[PDB]
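So the structure is just underneath, and the comments pick up after that.
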């Protein structure tokens with residue numbers, strides 16, 4: 001999702017409704033400046049049948 | 001006689017804080033040039049003996 005002939009999907013928000021963008025404080029920004037990268041993992045997922 | 005019954009409990013792994021400040025910096029330049037014009041005119045007297 002989506003199909004293989006298309007671009008990836010974006011996410012930038014964190015509330016119930018899309019507002020109030022995801023913040024990061026100062027020391028982690030200085031850690032992130034030096035070339036580190038973060039890992040994105042799944043924990044659970046739910047759907048219908 | 002036994003019960004079909006769950007019990008859950010939690011345990012803290014780590015704790016992060018993040019500070020609130022307001023830093024500000026400023027840098028500036030100044031250049032000036034002025035002129036001055038004047039005039040006087042004096043009168044003197046004197047008596048000796």
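No value in this document is a laboratory result; all are computed from the given coordinates. All Cβ positions, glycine included, derive from the backbone under ideal geometry; neighbour counts span all protein chains shown.
Some points to look at:
- Residue B:25 being under 28 Å from residue A:28 (Cα atoms) and part of a loop (DSSP other than H, G, I, E, B): yes
- Some residue of the stretch B:23-41 being under 30 Å from residue A:23 (Cβ atoms) and within 14 Å of chain A (Cβ to nearest Cβ): yes
- Residue selected from the stretch A:1-28 under the condition within 14 Å of another protein chain (Cβ to nearest Cβ) and either loosely packed, with under 10 Cβ neighbours inside 10 Å or touching a strand residue (DSSP E or B) at 6+ places or on another chain (Cβ under 9 Å) (or both), by the criterion nearest to residue B:20 (Cα to Cα): A:23
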